[PDB]
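Reading through the structure tokens given below for one structure.
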Amino acid sequence: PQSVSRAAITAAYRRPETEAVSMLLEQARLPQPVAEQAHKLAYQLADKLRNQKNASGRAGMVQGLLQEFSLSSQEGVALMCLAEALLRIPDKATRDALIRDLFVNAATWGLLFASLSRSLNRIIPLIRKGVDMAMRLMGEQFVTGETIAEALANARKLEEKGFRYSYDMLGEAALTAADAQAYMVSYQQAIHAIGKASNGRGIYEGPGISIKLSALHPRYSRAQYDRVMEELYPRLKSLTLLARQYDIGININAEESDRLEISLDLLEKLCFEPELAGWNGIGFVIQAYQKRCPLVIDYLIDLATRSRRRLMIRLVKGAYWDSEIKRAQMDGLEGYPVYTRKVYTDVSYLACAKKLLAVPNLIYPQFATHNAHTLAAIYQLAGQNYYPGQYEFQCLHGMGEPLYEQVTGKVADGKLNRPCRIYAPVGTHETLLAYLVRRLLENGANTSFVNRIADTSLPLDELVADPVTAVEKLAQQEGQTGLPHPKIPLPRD
Ligand SMILES: Cc1cc2nc3c(=O)[nH]c(=O)nc-3n(C[C@H](O)[C@H](O)[C@H](O)COP(=O)(O)OP(=O)(O)OC[C@H]3O[C@@H](n4cnc5c(N)ncnc54)[C@H](O)[C@@H]3O)c2cc1C
Ligand SMILES: O=C(O)[C@@H]1CCCO1
């Protein structure tokens, strides 16, 4: 028999969406004054973000001409090309007298170097080489260094601005015993390096490491409890003891949903190690896109109480959504372990944030998001009288820095003065594929905030719309609250 909290997690695994969403709504709802302040802040953040270098303003002037002289696009370009040429005439008199007398982003790929389709048909082995090269080219912006020494030697610039770091030695899903052993050695090496760089700064101000359980056990995806405890656990314990010796945070990343249960069993055992008594540097990620998330929080609150520590909890939405949907459709079970509409995940995240903020003695919440509304909502939900150890934000390298440039830093310089920990992937091209693919899915999805904010045609108010209000609007149109995505039927259907 499971504990009361562990049993509740199990029962919520694939809860119908109507039910799960309906239950979250009032926990996610911001009180009117808070909601109004969250909106104003969210709008302001998104406005400064979108309109650094005057993007909307420039797009506006371009429309106004392209509207006036009833011109098309390509005409506008042609007109600008001429205008540029006329402006290169050194003397104004001379100038005035002269006057009066599949392949979507092929453009962006161009700055690097129909008619395209045929061109592709020809050369099609070069595909395998194309894929590897496009991976490196696109993945570079997301990587902080090839080695941990390199990544760490780049830390000062933002750390002196009040940013923090969590380093990730890229690579996951070890296939062989040898692979897992190599990941173990890489993590150990990394902890020594990060710990020496940290130099006693501690789990809050100083850098930490993020690890993947799938890297530390071969074929983790189908591994049984007994072997995981016998082989993976002693490794997890050894790394955590080493992190503690250097007093740095060690965070257990969250991966596929069918590994949630075993990861909790590992965390449970870890928190009761005598050598970790009184130390609060253990971190654990929870994914708000799962129906189980609020139930996992109740479990974690009880675990912190029983094991007498403050847990570092990273609340995220989740990185594996596309694969989770595909997996559930293959398994043919009674439902999905994740929500099927993005706005429901948003609602879940806010309800979960409130739960975490209510227990500051038990949990240090780490709010990972690139979404300006989510950030503004958490900022208001955390209440008056911020203190640094209350919570932090987190962001991925290559995605979060512009938004967080408005957040981390001095109030005098126009910032919110809230700390942000940057997640810093470290590795060579051989380790990059899986992480890169997830970033493509995140950045390229039309439901993603980072995709929607780039679209100067989507009004700011829509971009930062309250998710609870959005869910009620759907419910009034559709006939009940929390209906699944119309294009994502149940697996058995
Ligand atoms: C520092 C950091 C660490 C992270 N660590 C982890 C981790 O260990 N494990 C992990 O799984 N994730 C992790 N993530 C989250 C993941 O990588 C994405 O960055 C995150 O989900 C983006 O959320 P958002 O608030 O930035 O963006 P938003 O655009 O607000 O939200 C996007 C998210 O919505 C969800 N979503 C998209 N479509 C749908 C849909 N149709 N139905 C329901 N939900 C949908 C997905 O979770 C998607 O990522 C981490 C993120 C950060 C910043
Ligand atoms: O790997 C990923 O895509 C997420 C983001 C960071 C850790 O888990």
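Values in this text are rule-based calculations from the coordinates and carry no lab data. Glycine also receives a Cβ, built like all others from the backbone with ideal geometry; neighbour counts cover every protein chain displayed.
Please go through the range 436-493 and give me each residue that is of a type in the set (K, R) and over 23 Å from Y320 (Cα atoms), ordered by number. Can you show your working first?
Going residue by residue through the range 436-493, those that are of a type in the set (K, R) are 438-439, 452, 473, 487, 492.
The one that is of a type in the set (K, R) and over 23 Å from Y320 (Cα atoms): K473.
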Determine which member of the set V359, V343, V347 is part of a loop (DSSP other than H, G, I, E, B) and not acidic (D, E). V359
Need the failing condition index for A319 against (1) outside any helix (DSSP H, G or I); (2) buried (at least 18 other Cβ atoms within 10 Å of the Cβ); (3) more than 11 Å from ligand 1 (Cβ to nearest atom), just the number. (3)
Looking at the range 427-442, which of its residues are of a type in the set (K, R) and touching a helix residue (DSSP H, G or I) at 6+ places or on another chain (Cβ under 6 Å)? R439
Give the range 220-272 a look and list any residue that's outside any helix (DSSP H, G or I) and either basic (K, R) or at negative phi (or both), or say none. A223, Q224, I248, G249, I250, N251, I252, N253, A254, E255, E256, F272
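For the range 413-464, which fully contained helices (runs of 4 or more DSSP H) count at least 2 residues that are within 11 Å of ligand 1 (Cβ to nearest atom) and over 17 Å from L49 (Cα atoms)? Before you say what the answer is, go through the steps one by one.
Values: elements: 433-444, 449-452, 460-463.
Result: 433-444.
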I need the full set of residues from the range 146-162 which are within 16 Å of ligand 1 (Cβ to nearest atom) and crowded, with 22+ Cβ neighbours inside 10 Å, in order please. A151
Which numbered condition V450 fails, given (1) within 16 Å of ligand 2 (Cβ to nearest atom); (2) closer than 29 Å to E334 by Cβ: (2)
All positions within the range 188-219 that are closer than 17 Å to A177 by Cα, in a helix (DSSP H, G or I) and within 23 Å of the chain's Cα centre (by Cα): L213, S214, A215
Complete set of residues in the range 50-98 that are outside any loop (DSSP other than H, G, I, E, B) and at positive phi: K53, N54
Looking only at the range 290-312, how many residues end up being within 15 Å of ligand 2 (Cβ to nearest atom) and either among the charged types (D, E, K, R) or touching a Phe, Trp or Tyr at 6+ places or on another chain (Cβ under 6 Å) (or both)? 1
From the list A382, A445, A424, pick out the single residue that is touching a helix residue (DSSP H, G or I) at 6+ places or on another chain (Cβ under 7 Å), among the small types (G, A, S) and surrounded by 20 or more Cβ atoms within 10 Å (Cβ to Cβ). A424
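If you go through the range 207-250 one residue at a time, how many are under 19 Å from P274 (Cα atoms) and either of a type outside the set (V, I, T) or within 15 Å of ligand 2 (Cβ to nearest atom) (or both)?
Number satisfying all stated conditions: 19.
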Which members of the range 409-444 meet the condition of being closer than 17 Å to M399 by Cβ, within 12 Å of ligand 2 (Cβ to nearest atom) and over 15 Å from the mean Cα position of the chain (by Cα)? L432
If you check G409 against the conditions, is it in a loop (DSSP other than H, G, I, E, B), within 16 Å of ligand 1 (Cβ to nearest atom) and more than 19 Å from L24 (Cβ to Cβ)? no
For the range 163-187, give me each residue that is within 16 Å of ligand 1 (Cβ to nearest atom) and either outside any helix (DSSP H, G or I) or farther than 15 Å from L213 by Cβ (or both). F163, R164, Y165, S166, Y167, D168, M169, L170, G171, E172, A173
